[PDB]
Amino acid sequence: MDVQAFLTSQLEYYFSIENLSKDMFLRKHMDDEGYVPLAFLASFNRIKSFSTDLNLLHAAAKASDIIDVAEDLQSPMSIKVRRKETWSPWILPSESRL
């Protein structure tokens, strides 16, 4: 597929039940609203291999109809994303967070 298509697919996958059940790190880095910083997602080798550009990754996130993006004008690195909840939140207790 195209670079955008791959990046979008991976982003959707990252917040999937299958991935989350195996990837505790994503859950630990969630805030009270279940958001995960774009900068953290960019650290995934699968993403870096295609692009390290947060702008392209952000565009990929916006291309998904099941992902919501929160922007912070103060910094491009403070942009967070989340997948829409279906059954239950995957947010961990503050003490368990990193």
# chains A, B, ... in the order shown; residues from 1 in each chain; ligands from 1
>>> residues_around(residues="residue A:66", least_positions_apart="3", cutoff="8 Å", atoms="only C-alpha atoms", output="CSV table (one decimal) with C-alpha atoms, in the first residue's frame")
chain,number,residue,atom,x,y,z
A,12,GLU,CA,-5.6,1.7,14.1
A,83,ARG,CA,-9.3,5.2,19.4
A,84,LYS,CA,-13.0,5.4,20.1
>>> residues_around(residues="stretch 31-42 of chain A", least_positions_apart="2", cutoff="10 Å", atoms="only C-alpha atoms", output="count of residues only")
43
>>> select_by_dssp(residues="chain A", states="alpha helix (DSSP H)", output="MDAnalysis selection string")
chainID A and resid 3:14 17:22 24:28 38:41 45:50 54:62
>>> atom_distance(atom1="atom CA of residue A:20", atom2="atom CA of residue A:64")
18.1 Å
>>> select_by_dssp(residues="chain A", states="strand (DSSP E or B)", output="PyMOL selection string")
chain A and resi 36-37+67-70+80-83
>>> write_last_selection(atoms="C-alpha atoms", output="mmCIF file, in the first residue's frame")
data_model
loop_
_atom_site.group_PDB
_atom_site.id
_atom_site.type_symbol
_atom_site.label_atom_id
_atom_site.label_comp_id
_atom_site.auth_asym_id
_atom_site.auth_seq_id
_atom_site.Cartn_x
_atom_site.Cartn_y
_atom_site.Cartn_z
ATOM 1 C CA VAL A 36 -1.619 8.670 23.987
ATOM 2 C CA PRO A 37 0.960 11.234 22.800
ATOM 3 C CA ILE A 67 -9.454 7.789 15.806
ATOM 4 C CA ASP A 68 -9.808 11.137 17.575
ATOM 5 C CA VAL A 69 -6.927 13.616 17.692
ATOM 6 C CA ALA A 70 -6.396 16.351 20.278
ATOM 7 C CA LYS A 80 -2.354 13.158 21.425
ATOM 8 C CA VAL A 81 -4.621 10.562 19.816
ATOM 9 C CA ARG A 82 -7.043 7.857 20.925
ATOM 10 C CA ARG A 83 -9.283 5.195 19.402
#
>>> closest_residue(among="A:24, A:1, A:7, A:17", to="residue A:60", atoms="only C-alpha atoms")
A:7
>>> atom_distance(atom1="atom CA of residue A:75", atom2="atom CA of residue A:56")
15.7 Å
>>> closest_residue(among="A:59, A:74, A:19, A:86", to="residue A:3", atoms="only C-alpha atoms")
A:59
>>> decode(residues="stretch 32-63 of chain A", atoms="N, CA, C and O atoms", output="PDB file, in the first residue's frame")
ATOM      1  N   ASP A  32      -5.918  10.456  31.745  1.00  0.00           N
ATOM      2  CA  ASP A  32      -7.233  10.241  32.337  1.00  0.00           C
ATOM      3  C   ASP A  32      -8.301  10.121  31.254  1.00  0.00           C
ATOM      4  O   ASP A  32      -9.379   9.576  31.491  1.00  0.00           O
ATOM      5  N   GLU A  33      -7.995  10.635  30.067  1.00  0.00           N
ATOM      6  CA  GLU A  33      -8.951  10.631  28.965  1.00  0.00           C
ATOM      7  C   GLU A  33      -8.611   9.539  27.954  1.00  0.00           C
ATOM      8  O   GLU A  33      -9.226   9.449  26.892  1.00  0.00           O
ATOM      9  N   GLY A  34      -7.625   8.713  28.292  1.00  0.00           N
ATOM     10  CA  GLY A  34      -7.267   7.596  27.437  1.00  0.00           C
ATOM     11  C   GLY A  34      -6.540   8.037  26.183  1.00  0.00           C
ATOM     12  O   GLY A  34      -6.593   7.359  25.156  1.00  0.00           O
ATOM     13  N   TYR A  35      -5.860   9.175  26.264  1.00  0.00           N
ATOM     14  CA  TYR A  35      -5.097   9.692  25.134  1.00  0.00           C
ATOM     15  C   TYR A  35      -3.639   9.252  25.218  1.00  0.00           C
ATOM     16  O   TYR A  35      -3.064   9.165  26.303  1.00  0.00           O
ATOM     17  N   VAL A  36      -3.043   8.976  24.061  1.00  0.00           N
ATOM     18  CA  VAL A  36      -1.619   8.670  23.987  1.00  0.00           C
ATOM     19  C   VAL A  36      -0.896   9.634  23.053  1.00  0.00           C
ATOM     20  O   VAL A  36      -1.299   9.847  21.910  1.00  0.00           O
ATOM     21  N   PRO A  37       0.195  10.233  23.550  1.00  0.00           N
ATOM     22  CA  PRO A  37       0.960  11.234  22.800  1.00  0.00           C
ATOM     23  C   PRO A  37       1.463  10.696  21.465  1.00  0.00           C
ATOM     24  O   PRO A  37       1.978   9.579  21.386  1.00  0.00           O
ATOM     25  N   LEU A  38       1.310  11.497  20.415  1.00  0.00           N
ATOM     26  CA  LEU A  38       1.808  11.128  19.094  1.00  0.00           C
ATOM     27  C   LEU A  38       3.295  10.795  19.146  1.00  0.00           C
ATOM     28  O   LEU A  38       3.760   9.875  18.474  1.00  0.00           O
ATOM     29  N   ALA A  39       4.038  11.549  19.950  1.00  0.00           N
ATOM     30  CA  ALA A  39       5.485  11.393  20.022  1.00  0.00           C
ATOM     31  C   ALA A  39       5.864   9.993  20.491  1.00  0.00           C
ATOM     32  O   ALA A  39       6.926   9.476  20.138  1.00  0.00           O
ATOM     33  N   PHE A  40       4.993   9.385  21.288  1.00  0.00           N
ATOM     34  CA  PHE A  40       5.235   8.042  21.802  1.00  0.00           C
ATOM     35  C   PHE A  40       4.976   6.993  20.723  1.00  0.00           C
ATOM     36  O   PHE A  40       5.703   6.003  20.618  1.00  0.00           O
ATOM     37  N   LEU A  41       3.939   7.215  19.927  1.00  0.00           N
ATOM     38  CA  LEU A  41       3.616   6.320  18.821  1.00  0.00           C
ATOM     39  C   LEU A  41       4.714   6.349  17.761  1.00  0.00           C
ATOM     40  O   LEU A  41       4.994   5.340  17.115  1.00  0.00           O
ATOM     41  N   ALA A  42       5.334   7.512  17.590  1.00  0.00           N
ATOM     42  CA  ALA A  42       6.382   7.679  16.590  1.00  0.00           C
ATOM     43  C   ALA A  42       7.603   6.829  16.927  1.00  0.00           C
ATOM     44  O   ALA A  42       8.451   6.580  16.071  1.00  0.00           O
ATOM     45  N   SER A  43       7.683   6.388  18.178  1.00  0.00           N
ATOM     46  CA  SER A  43       8.850   5.653  18.655  1.00  0.00           C
ATOM     47  C   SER A  43       8.766   4.183  18.254  1.00  0.00           C
ATOM     48  O   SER A  43       9.678   3.402  18.524  1.00  0.00           O
ATOM     49  N   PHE A  44       7.665   3.813  17.609  1.00  0.00           N
ATOM     50  CA  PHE A  44       7.485   2.452  17.122  1.00  0.00           C
ATOM     51  C   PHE A  44       8.303   2.214  15.855  1.00  0.00           C
ATOM     52  O   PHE A  44       8.194   2.960  14.885  1.00  0.00           O
ATOM     53  N   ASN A  45       9.123   1.169  15.877  1.00  0.00           N
ATOM     54  CA  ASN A  45      10.071   0.917  14.798  1.00  0.00           C
ATOM     55  C   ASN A  45       9.347   0.762  13.463  1.00  0.00           C
ATOM     56  O   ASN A  45       9.871   1.134  12.414  1.00  0.00           O
ATOM     57  N   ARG A  46       8.140   0.208  13.515  1.00  0.00           N
ATOM     58  CA  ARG A  46       7.321   0.054  12.318  1.00  0.00           C
ATOM     59  C   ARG A  46       7.010   1.410  11.693  1.00  0.00           C
ATOM     60  O   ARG A  46       6.958   1.544  10.471  1.00  0.00           O
ATOM     61  N   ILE A  47       6.805   2.413  12.541  1.00  0.00           N
ATOM     62  CA  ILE A  47       6.499   3.758  12.071  1.00  0.00           C
ATOM     63  C   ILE A  47       7.754   4.468  11.578  1.00  0.00           C
ATOM     64  O   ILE A  47       7.740   5.135  10.544  1.00  0.00           O
ATOM     65  N   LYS A  48       8.844   4.319  12.325  1.00  0.00           N
ATOM     66  CA  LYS A  48      10.087   5.014  12.015  1.00  0.00           C
ATOM     67  C   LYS A  48      10.659   4.538  10.682  1.00  0.00           C
ATOM     68  O   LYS A  48      11.286   5.309   9.955  1.00  0.00           O
ATOM     69  N   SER A  49      10.435   3.265  10.369  1.00  0.00           N
ATOM     70  CA  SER A  49      10.947   2.682   9.134  1.00  0.00           C
ATOM     71  C   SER A  49      10.340   3.372   7.916  1.00  0.00           C
ATOM     72  O   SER A  49      10.991   3.513   6.880  1.00  0.00           O
ATOM     73  N   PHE A  50       9.089   3.800   8.047  1.00  0.00           N
ATOM     74  CA  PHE A  50       8.390   4.467   6.955  1.00  0.00           C
ATOM     75  C   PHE A  50       8.609   5.976   7.009  1.00  0.00           C
ATOM     76  O   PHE A  50       8.835   6.617   5.983  1.00  0.00           O
ATOM     77  N   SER A  51       8.540   6.535   8.213  1.00  0.00           N
ATOM     78  CA  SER A  51       8.693   7.973   8.397  1.00  0.00           C
ATOM     79  C   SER A  51       8.842   8.320   9.875  1.00  0.00           C
ATOM     80  O   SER A  51       8.218   7.698  10.736  1.00  0.00           O
ATOM     81  N   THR A  52       9.676   9.315  10.162  1.00  0.00           N
ATOM     82  CA  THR A  52       9.805   9.836  11.516  1.00  0.00           C
ATOM     83  C   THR A  52       9.107  11.183  11.656  1.00  0.00           C
ATOM     84  O   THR A  52       9.212  11.844  12.691  1.00  0.00           O
ATOM     85  N   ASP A  53       8.394  11.587  10.610  1.00  0.00           N
ATOM     86  CA  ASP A  53       7.764  12.901  10.575  1.00  0.00           C
ATOM     87  C   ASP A  53       6.412  12.874  11.282  1.00  0.00           C
ATOM     88  O   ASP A  53       5.472  12.226  10.822  1.00  0.00           O
ATOM     89  N   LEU A  54       6.322  13.582  12.402  1.00  0.00           N
ATOM     90  CA  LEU A  54       5.094  13.618  13.188  1.00  0.00           C
ATOM     91  C   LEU A  54       3.932  14.157  12.358  1.00  0.00           C
ATOM     92  O   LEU A  54       2.781  13.771  12.560  1.00  0.00           O
ATOM     93  N   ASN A  55       4.243  15.048  11.421  1.00  0.00           N
ATOM     94  CA  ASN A  55       3.219  15.679  10.596  1.00  0.00           C
ATOM     95  C   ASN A  55       2.527  14.650   9.708  1.00  0.00           C
ATOM     96  O   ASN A  55       1.306  14.672   9.546  1.00  0.00           O
ATOM     97  N   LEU A  56       3.315  13.747   9.133  1.00  0.00           N
ATOM     98  CA  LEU A  56       2.774  12.686   8.291  1.00  0.00           C
ATOM     99  C   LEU A  56       2.002  11.669   9.126  1.00  0.00           C
ATOM    100  O   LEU A  56       0.943  11.190   8.718  1.00  0.00           O
ATOM    101  N   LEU A  57       2.537  11.345  10.298  1.00  0.00           N
ATOM    102  CA  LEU A  57       1.870  10.431  11.218  1.00  0.00           C
ATOM    103  C   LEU A  57       0.548  11.016  11.702  1.00  0.00           C
ATOM    104  O   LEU A  57      -0.454  10.308  11.812  1.00  0.00           O
ATOM    105  N   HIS A  58       0.550  12.315  11.990  1.00  0.00           N
ATOM    106  CA  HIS A  58      -0.667  13.012  12.385  1.00  0.00           C
ATOM    107  C   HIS A  58      -1.710  12.963  11.273  1.00  0.00           C
ATOM    108  O   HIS A  58      -2.885  12.697  11.521  1.00  0.00           O
ATOM    109  N   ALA A  59      -1.270  13.220  10.045  1.00  0.00           N
ATOM    110  CA  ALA A  59      -2.151  13.139   8.887  1.00  0.00           C
ATOM    111  C   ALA A  59      -2.734  11.738   8.736  1.00  0.00           C
ATOM    112  O   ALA A  59      -3.898  11.576   8.374  1.00  0.00           O
ATOM    113  N   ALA A  60      -1.915  10.730   9.015  1.00  0.00           N
ATOM    114  CA  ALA A  60      -2.363   9.344   8.955  1.00  0.00           C
ATOM    115  C   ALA A  60      -3.435   9.067  10.006  1.00  0.00           C
ATOM    116  O   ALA A  60      -4.399   8.348   9.746  1.00  0.00           O
ATOM    117  N   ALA A  61      -3.259   9.643  11.190  1.00  0.00           N
ATOM    118  CA  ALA A  61      -4.228   9.490  12.266  1.00  0.00           C
ATOM    119  C   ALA A  61      -5.565  10.124  11.894  1.00  0.00           C
ATOM    120  O   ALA A  61      -6.629   9.581  12.198  1.00  0.00           O
ATOM    121  N   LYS A  62      -5.506  11.275  11.235  1.00  0.00           N
ATOM    122  CA  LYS A  62      -6.710  12.004  10.852  1.00  0.00           C
ATOM    123  C   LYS A  62      -7.477  11.252   9.768  1.00  0.00           C
ATOM    124  O   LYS A  62      -8.673  11.469   9.578  1.00  0.00           O
ATOM    125  N   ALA A  63      -6.778  10.371   9.059  1.00  0.00           N
ATOM    126  CA  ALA A  63      -7.369   9.656   7.934  1.00  0.00           C
ATOM    127  C   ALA A  63      -8.241   8.501   8.414  1.00  0.00           C
ATOM    128  O   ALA A  63      -8.940   7.867   7.623  1.00  0.00           O
TER     129      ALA A  63
END
